[PDB]
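Report on the following structure.
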There are 6 protein chains.
Amino acid sequence: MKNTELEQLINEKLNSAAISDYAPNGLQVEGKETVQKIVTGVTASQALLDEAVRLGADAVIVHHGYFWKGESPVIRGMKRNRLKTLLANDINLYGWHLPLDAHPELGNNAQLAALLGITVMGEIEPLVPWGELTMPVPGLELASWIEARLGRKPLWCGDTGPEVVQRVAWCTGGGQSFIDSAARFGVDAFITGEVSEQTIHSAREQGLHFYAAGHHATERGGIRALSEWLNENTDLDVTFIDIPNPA
Amino acid sequence: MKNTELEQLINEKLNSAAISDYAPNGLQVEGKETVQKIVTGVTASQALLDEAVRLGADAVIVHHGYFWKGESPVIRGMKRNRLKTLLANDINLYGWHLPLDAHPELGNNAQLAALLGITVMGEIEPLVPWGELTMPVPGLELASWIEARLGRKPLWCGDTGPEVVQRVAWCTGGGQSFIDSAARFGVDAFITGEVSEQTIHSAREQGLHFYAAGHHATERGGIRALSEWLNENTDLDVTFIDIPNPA
Amino acid sequence: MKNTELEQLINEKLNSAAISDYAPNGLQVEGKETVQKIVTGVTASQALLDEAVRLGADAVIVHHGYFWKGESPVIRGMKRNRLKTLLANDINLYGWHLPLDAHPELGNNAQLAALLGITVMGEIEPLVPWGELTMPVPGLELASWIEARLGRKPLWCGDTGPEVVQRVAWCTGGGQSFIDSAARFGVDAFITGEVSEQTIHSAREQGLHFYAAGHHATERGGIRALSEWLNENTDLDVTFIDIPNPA
Amino acid sequence: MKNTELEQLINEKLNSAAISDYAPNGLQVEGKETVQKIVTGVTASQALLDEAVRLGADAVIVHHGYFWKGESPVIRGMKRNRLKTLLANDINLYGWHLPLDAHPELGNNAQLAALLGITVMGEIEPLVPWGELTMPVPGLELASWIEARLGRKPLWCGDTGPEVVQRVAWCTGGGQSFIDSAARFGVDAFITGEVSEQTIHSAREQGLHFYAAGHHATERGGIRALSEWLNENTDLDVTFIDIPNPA
Amino acid sequence: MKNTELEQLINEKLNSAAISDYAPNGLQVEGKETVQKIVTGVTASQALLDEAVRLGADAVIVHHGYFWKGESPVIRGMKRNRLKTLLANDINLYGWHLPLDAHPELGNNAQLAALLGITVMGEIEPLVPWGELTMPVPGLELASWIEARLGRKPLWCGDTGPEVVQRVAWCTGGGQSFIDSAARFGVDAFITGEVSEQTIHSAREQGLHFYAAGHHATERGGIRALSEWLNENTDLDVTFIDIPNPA
Amino acid sequence: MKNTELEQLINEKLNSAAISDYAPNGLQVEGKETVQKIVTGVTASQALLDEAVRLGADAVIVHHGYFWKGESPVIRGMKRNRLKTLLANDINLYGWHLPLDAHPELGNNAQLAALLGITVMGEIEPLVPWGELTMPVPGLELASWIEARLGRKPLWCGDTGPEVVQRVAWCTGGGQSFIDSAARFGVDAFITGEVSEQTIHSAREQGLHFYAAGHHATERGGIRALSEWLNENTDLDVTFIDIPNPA
Ligand SMILES: [Mg+2]
Ligand SMILES: [Mg+2]
Ligand SMILES: [Mg+2]
Ligand SMILES: [Mg+2]
Ligand SMILES: [Mg+2]
Ligand SMILES: [Mg+2]
Ligand SMILES: [Mg+2]
Ligand SMILES: [Mg+2]
Ligand SMILES: [Mg+2]
Ligand SMILES: [Mg+2]
Ligand SMILES: [Mg+2]
């Protein structure tokens, strides 16, 4: 496949062109024209890049690439190491940020719901679906469940959360700021990846169970999902590598 | 003391005028004129408020108040309950954000340094001081040190940091975004309150020990220090109340 | 350093040659001659092996390697996957079994003692040290201490143990069979890693507190200290990786 | 019945003499010639023995008796108390080990298959049957079924096992070393009583669900079934006593 | 000692005369005047009486004797066999009920707290002391702790109890009716011997852990302690005998 | 149906006013007048009440209601929660105690006998029927059969009962005090729900097999049968709900 054909293929599968974002979606750094072996992971860290070079990948696809709004375009320190590892080896880098969080099937938000056992039912706002657990359980049990399914112990705050959690809303990664919107919609628990100082007061004062189950942990689902989608719908050789990040 | 007097007293001790901020610094909600019993804390949470009410406080002073830039001005949910507890009881709410982060004597950044045994020596950027531990220790020992001093286990990332940590930079609260700037300046360790997904790659790729010691935990120092200053320089009856927040 | 050189350095520090074993101690699978980066772990599993590859290790060092007496020589299944990862990448695999259980300073046994707060005072038999807890406590209290220090709830049988445990014998890993020898010597508790059906009768009928604290959990001690020893005594770059194992 | 007659009766029903074992099968300790009341249990522990004395038994029959190969012959400590209790009271001790594991009808392996709802279909190796659950289920439901049926929560490692378990191999007691042969055979799960450190690597790297269901827990079926068969086929009064053992 | 002397001596030690009871406390069935050898136990069942005869005792002392309020006076069945064994052999039968449950030193309630490691701190109601575990633990562990100290697995209902148990109330024997009084006083656990249908709802709806640890299991303590007290304070020969009872 | 009419219908089918009881039989807490949907169960616990609320029930009928003789009338803790749920939602509570144990067709005693396979042949006293198993069996087998039909392992004491059980007497619930009455009449076994310390002695000394099969497990039959009887003879929608209770 040509690198530009692959950009167009996933752009169309994820209705990318239609979504405003904090960074460029699609081909971020151009490499050789022909793409046959693909390495993907949550973030284009130096460590993922090093696996793509070790594996002889032609392209790398991630949910967090470079060139974020507000960033300095200067190329030094980390940025110089990353771009040189890509450019010298002719590796194509693609990033799909909000389109891969939102897709109904392959997105981070839909995959978390499948992994945690939540029946999606509607959407509170663009990146915040809500639904119900198919097996309603107490706040403590839900924490252990999230810990067993993502393999990471979440920050659980449920000082004033309901006795049993049924209705839930969530947003993967750094979606702590949607907690009020979810509490205002009416839920039993709100789940996200990161947490901030104010997030705790929102859970306490609004009567809900809150979980920060990890930015990286809650965001392996979509890129892994898109990687499967590529292996089943093309002849590409796509390998998804989960490189652990505590955050 | 009069409410407007107290405002001008603390505004001048913290050179507040000369500091751009994300929210109004000073008297945020006007209550009775005469102030004598003051309750303070890290954030004007409903819980700190109900303590002010139980203690028959005339004013509450915090580091995190209301009216953050970009916030919806409508008064509903939590803002209604909070503002009603203050206006109905004639309690003055005062808040100081960045000026209480930076003051060289009473600020959260100077009080963390005192607490962890760091000799301040310069400033990399306005909210980010640098200095040297008085007793250099290996990354593991500094993590245990931070946890004993703050009473909270920090997230520590030292995959690629020096054998012994001597030079340190820091920013209390959510200053994770200052990590690359500390890296370019040159430090063995960077400490702040919260953590983001990109912060972990900044720690590994630039070879430094990183600690996320908690937003609330790294921010009890300054408003506690200011409360002492008030009890020591005025006849005001000030009680600092620490309400645990895991974030 | 030269792979054969690193083999002689550790053999001599651990007095390996003078100790008969169930498997070869030293370089078990040869790789590239020049070793500078090493990854270590309790067991040369496929998981550790994959982390060694990913981090560009030239050698892997473990407490449990391959070629155990009685095992079939044929290379198939897990053996084939494991040997290939090592051989295709020129990675040296070394292992030290009994020699790393027993070394007075760096061994598994002496390191468990320091972690648990036991003053070593002697040995009942070659892999069975004896000593006393610096702070004597009841059986139940000791169970929570071992759980807190090792990060794993131990199986505790104390149906007939003394009211306070002071004198203790122990043997990391699969040493449940040394319990009768410990009882005849005279101790209040026996601690090991695994448990067997007969172990519980031994505990009960001989009046001691028995603890099965984890084969893996009790054997991260030696390999991690041996890794600290190499970083402090050579210029090799050694990283210990703990890959959790329930047993 | 005459003590030696009962020996011969059970030796024949179980085809004992044709199975090489690690300890003597049959009458291990002679007692009064005339047998009428018999107490049975998993292991000839001091507790079962004291029970047989209290009930006035003339014999005891167990799965685990004495005299294992390589054990010291000397009679001291536990052996002295156990042998004294039997000899002073003229109580006959019988033990059948591998024969009582294997009998197609009354054996521990067949009894466990019946308890867990597994249709026996063949034999992988002598002590390791295989079959299919009459009701296939995911690995978590099976952990719960085993825990419900055995009365003990098993250790369940299934991080890489199939979504639904149907084909199963098992060996009661200490059969962990048989897991690799079951993998080669091709099964979705392997169940045994104990666990060892290498067993967890075998489950993960070969993709199967593994369960250490308890050594004593998985071995009550056989001696209990034998006890039932004697009450149905002789005029003997045989009682089975389950004396709890968590291993 | 004269039988009437021994009665007077235990009455005063236990402050018996000043306690209303459901049966006569003291000498219930008179026998020979001179008492030298005494056998004791929880209940004057036929099995106990029979040991008294075999052992040639002059007297038997229990916690549960005869003549309970409400009982038929007619002497037939069990009562005839029991009374014949005592009268024909001239054996004295003494029984102390509530006095032996309540004595602060020798009573069933004080002996259970010492067996279980509880520091007695006061009394909720006449037969229900309250106290704190010197080693607080979760409800599951306390269950295992009760099992091991008593030698019998208790029924543990802890669906809604606290995460850690510290304050506890108890009443040996059939004291399940006191669970609501304990819940009203404020406790993390209530322990007794028997259980009733309603006892479970009290536990669940009042948020405490409940344990039915055995009527007989929890009442060996008092009569055994009075037995050691007689042996230490007189020249009598008293043997306490535990005859197992499941309830 | 009108609430006072339903009361009447069941009072007459169970000949209730004729039976004197420990609590009022019939409508115990009046609710809305029109009843159409009804939830039933063994005891009016908070848990059944909350189900009745979830399900929109107009009435709840149980075997155990409130207002037992001797109980305090005050409404607090548990009674307040329960009564508030009923009264605030206008749910009628009806309860029938002894008339629901005794009815020849629908009662707990007759329904247990149909379940267990016993032909009822007459009665010893009011709540204690007697009969014979259609298939006589040893007491061990009877234990296993009771466990299979009721779903709970019973306590079986058969130390001294007949080799085979044929004639049986039984009382569901707390009927242990009837065991001496069954023995004098002449039976092989006596079956009830709960057990008490003295019941074990009655069993041993009177030579009968005794089974405590569970107060809750033996009392589902009646209210379940009454609920079917209401669905078949009225237009009411009745749902019997089993809320497990181990006692
Ligand atoms: Mg995202
Ligand atoms: Mg801040
Ligand atoms: Mg700040
Ligand atoms: Mg080992
Ligand atoms: Mg070892
Ligand atoms: Mg075995
Ligand atoms: Mg076996
Ligand atoms: Mg009693
Ligand atoms: Mg009592
Ligand atoms: Mg009843
Ligand atoms: Mg009843």
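By convention in this document, the chains of the structure tokens carry letters A, B, ... by their order, each chain's residues are numbered from 1, and ligands are numbered from 1 in the order they are shown.
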
Give me, as a PDB file with N, CA, C and O atoms, in the first residue's frame, the residues of chain F touching chain D, with the criterion being at most 10 Å (counting only C-alpha atoms).
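The resulting file, out.pdb, is shown below:
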ATOM      1  N   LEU F 140     -26.451 -41.354  56.000  1.00  0.00           N
ATOM      2  CA  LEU F 140     -25.456 -40.606  55.194  1.00  0.00           C
ATOM      3  C   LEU F 140     -26.115 -40.283  53.919  1.00  0.00           C
ATOM      4  O   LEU F 140     -25.990 -39.165  53.441  1.00  0.00           O
ATOM      5  N   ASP F 159     -24.410 -40.445  64.654  1.00  0.00           N
ATOM      6  CA  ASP F 159     -23.533 -41.324  65.514  1.00  0.00           C
ATOM      7  C   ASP F 159     -24.294 -42.544  66.005  1.00  0.00           C
ATOM      8  O   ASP F 159     -23.802 -43.657  65.894  1.00  0.00           O
ATOM      9  N   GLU F 163     -29.420 -48.243  61.057  1.00  0.00           N
ATOM     10  CA  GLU F 163     -28.618 -48.401  59.885  1.00  0.00           C
ATOM     11  C   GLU F 163     -29.337 -47.868  58.713  1.00  0.00           C
ATOM     12  O   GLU F 163     -28.722 -47.521  57.728  1.00  0.00           O
TER      13      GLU F 163
END

(request) Output the neighbourhood of ligand 3 as a PyMOL selection string, that is, all protein and nucleic acid residues with some atom at most 8 Å from the ligand, counting only C-alpha atoms and all ligand atoms. (result) chain B and resi 63-64+97-98+100-101+108+171-174+219

Residue contacts of residue 124 (chain E) (9 Å, only C-alpha atoms) excluding same-chain residues fewer than 5 positions away, as a PDB file with C-alpha atoms, in the first residue's frame:
ATOM      1  CA  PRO E 129     -19.076  -7.304  77.186  1.00  0.00           C
ATOM      2  CA  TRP E 130     -17.612  -5.169  74.387  1.00  0.00           C
ATOM      3  CA  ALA E 169     -19.121  -7.306  71.339  1.00  0.00           C
ATOM      4  CA  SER E 181     -28.283  -4.393  71.314  1.00  0.00           C
ATOM      5  CA  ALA E 182     -24.690  -4.683  70.090  1.00  0.00           C
ATOM      6  CA  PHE E 185     -24.136   0.379  71.012  1.00  0.00           C
TER       7      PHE E 185
END

(request) Excluding residue 27 (chain F) and residues on its chain fewer than 4 positions from it, collect all residues at most 8 Å away from it, counting only C-alpha atoms, and give them as number ranges by chain. (result) F: 4, 7, 92-95

Hey, can you spit out that residue selection with N, CA, C and O atoms as a PDB file, in the first residue's frame?
ATOM      1  N   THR F   4     -58.271  -5.653  51.938  1.00  0.00           N
ATOM      2  CA  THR F   4     -58.901  -6.395  53.041  1.00  0.00           C
ATOM      3  C   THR F   4     -59.546  -7.693  52.533  1.00  0.00           C
ATOM      4  O   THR F   4     -59.840  -8.655  53.297  1.00  0.00           O
ATOM      5  N   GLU F   7     -56.691 -10.417  52.314  1.00  0.00           N
ATOM      6  CA  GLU F   7     -56.480 -10.889  53.674  1.00  0.00           C
ATOM      7  C   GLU F   7     -57.493 -11.981  53.957  1.00  0.00           C
ATOM      8  O   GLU F   7     -57.151 -13.081  54.413  1.00  0.00           O
ATOM      9  N   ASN F  92     -48.732  -2.810  51.096  1.00  0.00           N
ATOM     10  CA  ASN F  92     -49.355  -3.612  52.141  1.00  0.00           C
ATOM     11  C   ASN F  92     -48.369  -4.738  52.527  1.00  0.00           C
ATOM     12  O   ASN F  92     -47.818  -5.368  51.618  1.00  0.00           O
ATOM     13  N   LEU F  93     -48.205  -5.033  53.825  1.00  0.00           N
ATOM     14  CA  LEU F  93     -47.387  -6.159  54.261  1.00  0.00           C
ATOM     15  C   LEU F  93     -48.351  -7.103  54.943  1.00  0.00           C
ATOM     16  O   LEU F  93     -49.149  -6.690  55.812  1.00  0.00           O
ATOM     17  N   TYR F  94     -48.305  -8.365  54.539  1.00  0.00           N
ATOM     18  CA  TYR F  94     -49.098  -9.391  55.147  1.00  0.00           C
ATOM     19  C   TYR F  94     -48.122 -10.450  55.599  1.00  0.00           C
ATOM     20  O   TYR F  94     -47.068 -10.705  54.950  1.00  0.00           O
ATOM     21  N   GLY F  95     -48.458 -11.131  56.687  1.00  0.00           N
ATOM     22  CA  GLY F  95     -47.578 -12.210  57.084  1.00  0.00           C
ATOM     23  C   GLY F  95     -48.444 -13.302  57.665  1.00  0.00           C
ATOM     24  O   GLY F  95     -49.496 -13.003  58.256  1.00  0.00           O
TER      25      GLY F  95
END

(request) Can you work out which one of A:156, A:66, A:178, A:96 has the shortest atom-to-atom distance to ligand 1, counting only C-alpha atoms and all ligand atoms? (result)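 Using only C-alpha atoms and all ligand atoms, the shortest distance to ligand 1 belongs to A:96.
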
(request) Can you list, as a PyMOL selection string, all residues belonging to region 31-201 of chain F that DSSP tags as strand (DSSP E or B)? (result) chain F and resi 34+37-43+59-64+92-95+118-125+128-137+155-157+165-170+189-192

(request) Find the residues around residue 155 (chain B) up to 7 Å (only C-alpha atoms counted), leave out those fewer than 3 positions away in its own chain, and share them as an MDAnalysis selection string. (result) chainID B and resid 211:213

Would you pick out the contacts of residue 238 (chain E) at 9 Å or less, using only C-alpha atoms, so that residues sharing its chain but fewer than 4 positions from it are not included, and give the list as a PDB file with N, CA, C and O atoms, in the first residue's frame?
ATOM      1  N   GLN E  36     -13.419 -35.901  96.283  1.00  0.00           N
ATOM      2  CA  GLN E  36     -11.979 -35.779  96.151  1.00  0.00           C
ATOM      3  C   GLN E  36     -11.640 -35.714  94.649  1.00  0.00           C
ATOM      4  O   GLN E  36     -10.901 -34.794  94.234  1.00  0.00           O
ATOM      5  N   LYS E  37     -12.160 -36.661  93.836  1.00  0.00           N
ATOM      6  CA  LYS E  37     -11.938 -36.685  92.371  1.00  0.00           C
ATOM      7  C   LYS E  37     -13.177 -36.086  91.596  1.00  0.00           C
ATOM      8  O   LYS E  37     -14.315 -36.614  91.684  1.00  0.00           O
ATOM      9  N   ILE E  38     -12.942 -35.026  90.811  1.00  0.00           N
ATOM     10  CA  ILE E  38     -14.007 -34.351  90.062  1.00  0.00           C
ATOM     11  C   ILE E  38     -13.730 -34.369  88.616  1.00  0.00           C
ATOM     12  O   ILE E  38     -12.567 -34.176  88.213  1.00  0.00           O
ATOM     13  N   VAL E  39     -14.771 -34.633  87.826  1.00  0.00           N
ATOM     14  CA  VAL E  39     -14.649 -34.600  86.376  1.00  0.00           C
ATOM     15  C   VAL E  39     -15.532 -33.396  85.931  1.00  0.00           C
ATOM     16  O   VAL E  39     -16.625 -33.136  86.521  1.00  0.00           O
ATOM     17  N   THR E  40     -15.095 -32.624  84.940  1.00  0.00           N
ATOM     18  CA  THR E  40     -15.924 -31.498  84.509  1.00  0.00           C
ATOM     19  C   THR E  40     -16.102 -31.472  82.983  1.00  0.00           C
ATOM     20  O   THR E  40     -15.405 -32.180  82.278  1.00  0.00           O
ATOM     21  N   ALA E  57     -14.992 -40.786  89.474  1.00  0.00           N
ATOM     22  CA  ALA E  57     -15.140 -39.468  90.107  1.00  0.00           C
ATOM     23  C   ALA E  57     -16.221 -39.415  91.180  1.00  0.00           C
ATOM     24  O   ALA E  57     -17.188 -40.194  91.176  1.00  0.00           O
ATOM     25  N   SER E 227     -11.940 -25.294  86.423  1.00  0.00           N
ATOM     26  CA  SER E 227     -11.255 -26.547  86.736  1.00  0.00           C
ATOM     27  C   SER E 227      -9.800 -26.242  87.111  1.00  0.00           C
ATOM     28  O   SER E 227      -9.307 -26.772  88.118  1.00  0.00           O
ATOM     29  N   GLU E 228      -9.092 -25.403  86.335  1.00  0.00           N
ATOM     30  CA  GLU E 228      -7.704 -25.086  86.710  1.00  0.00           C
ATOM     31  C   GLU E 228      -7.763 -24.324  88.041  1.00  0.00           C
ATOM     32  O   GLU E 228      -6.940 -24.549  88.926  1.00  0.00           O
ATOM     33  N   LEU E 230      -9.777 -24.749  90.563  1.00  0.00           N
ATOM     34  CA  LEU E 230      -9.933 -25.652  91.708  1.00  0.00           C
ATOM     35  C   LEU E 230      -8.622 -26.402  91.954  1.00  0.00           C
ATOM     36  O   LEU E 230      -8.204 -26.655  93.083  1.00  0.00           O
ATOM     37  N   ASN E 231      -7.952 -26.776  90.898  1.00  0.00           N
ATOM     38  CA  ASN E 231      -6.717 -27.509  91.076  1.00  0.00           C
ATOM     39  C   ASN E 231      -5.673 -26.610  91.726  1.00  0.00           C
ATOM     40  O   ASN E 231      -4.840 -27.108  92.516  1.00  0.00           O
TER      41      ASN E 231
END

(request) Find the residues around residue 176 (chain F) up to 9 Å (only C-alpha atoms counted), leave out those fewer than 4 positions away in its own chain, and share them as a PyMOL selection string. (result) chain F and resi 171+180+190-196+198-199+212

(message) Based on the backbone DSSP call, show me all residues of region 34-110 of chain B assigned alpha helix (DSSP H), as a ChimeraX atom specification.
(response) /B:46-54,77-88,98-102,108-110

Those residues you just picked out, can you put them in a file as a short mmCIF file (atom, residue, chain, number, x, y, z; two decimals), in the first residue's frame with N, CA and C atoms?
data_model
loop_
_atom_site.label_atom_id
_atom_site.label_comp_id
_atom_site.auth_asym_id
_atom_site.auth_seq_id
_atom_site.Cartn_x
_atom_site.Cartn_y
_atom_site.Cartn_z
N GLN B 46 -16.98 22.40 49.60
CA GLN B 46 -18.14 22.45 50.44
C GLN B 46 -17.72 22.00 51.84
N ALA B 47 -16.85 21.00 51.91
CA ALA B 47 -16.42 20.51 53.22
C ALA B 47 -15.67 21.59 54.03
N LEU B 48 -14.86 22.44 53.40
CA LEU B 48 -14.10 23.49 54.18
C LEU B 48 -15.15 24.51 54.62
N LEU B 49 -16.09 24.76 53.71
CA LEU B 49 -17.17 25.71 54.03
C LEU B 49 -18.03 25.28 55.24
N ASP B 50 -18.41 24.01 55.27
CA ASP B 50 -19.24 23.59 56.40
C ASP B 50 -18.40 23.67 57.67
N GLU B 51 -17.08 23.55 57.55
CA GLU B 51 -16.27 23.68 58.77
C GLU B 51 -16.30 25.15 59.13
N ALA B 52 -16.15 26.06 58.15
CA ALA B 52 -16.21 27.53 58.46
C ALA B 52 -17.52 27.80 59.16
N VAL B 53 -18.61 27.32 58.60
CA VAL B 53 -19.92 27.54 59.25
C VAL B 53 -19.96 26.99 60.72
N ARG B 54 -19.57 25.72 60.94
CA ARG B 54 -19.55 25.12 62.31
C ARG B 54 -18.68 25.93 63.27
N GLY B 77 -25.71 23.54 40.55
CA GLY B 77 -25.00 22.41 41.15
C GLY B 77 -24.17 22.83 42.33
N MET B 78 -22.89 22.50 42.28
CA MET B 78 -21.95 22.81 43.37
C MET B 78 -21.72 24.31 43.71
N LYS B 79 -21.71 25.17 42.68
CA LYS B 79 -21.49 26.63 42.82
C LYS B 79 -22.68 27.23 43.58
N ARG B 80 -23.87 26.65 43.36
CA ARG B 80 -25.02 27.16 44.10
C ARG B 80 -24.92 26.84 45.56
N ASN B 81 -24.54 25.59 45.87
CA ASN B 81 -24.42 25.13 47.27
C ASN B 81 -23.27 25.87 47.91
N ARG B 82 -22.14 25.95 47.22
CA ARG B 82 -21.05 26.69 47.82
C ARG B 82 -21.43 28.18 48.06
N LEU B 83 -21.77 28.93 47.01
CA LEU B 83 -22.09 30.37 47.17
C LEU B 83 -23.22 30.63 48.15
N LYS B 84 -24.19 29.71 48.23
CA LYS B 84 -25.24 29.93 49.18
C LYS B 84 -24.70 29.80 50.58
N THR B 85 -23.80 28.83 50.86
CA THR B 85 -23.28 28.68 52.25
C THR B 85 -22.49 29.94 52.68
N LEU B 86 -21.75 30.53 51.75
CA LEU B 86 -21.04 31.80 52.03
C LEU B 86 -21.99 33.04 52.10
N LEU B 87 -22.88 33.25 51.12
CA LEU B 87 -23.61 34.50 51.19
C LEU B 87 -24.63 34.48 52.30
N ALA B 88 -25.34 33.37 52.49
CA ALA B 88 -26.37 33.29 53.53
C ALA B 88 -25.81 33.45 54.93
N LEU B 98 -1.61 32.04 42.07
CA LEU B 98 -0.16 32.15 41.83
C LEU B 98 0.67 33.01 42.83
N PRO B 99 0.08 34.10 43.36
CA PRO B 99 0.90 34.85 44.31
C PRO B 99 1.21 33.98 45.55
N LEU B 100 0.27 33.09 45.92
CA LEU B 100 0.57 32.24 47.09
C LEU B 100 1.46 31.03 46.64
N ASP B 101 1.67 30.88 45.33
CA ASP B 101 2.57 29.78 44.90
C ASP B 101 4.00 30.28 44.99
N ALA B 102 4.23 31.53 44.61
CA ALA B 102 5.56 32.06 44.47
C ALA B 102 6.21 32.85 45.56
N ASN B 108 3.82 28.23 48.43
CA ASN B 108 3.87 26.78 48.37
C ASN B 108 5.21 26.31 47.86
N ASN B 109 5.83 27.02 46.91
CA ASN B 109 7.11 26.50 46.36
C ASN B 109 8.24 26.65 47.40
N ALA B 110 8.29 27.78 48.11
CA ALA B 110 9.35 27.90 49.11
C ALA B 110 9.08 26.97 50.31
#
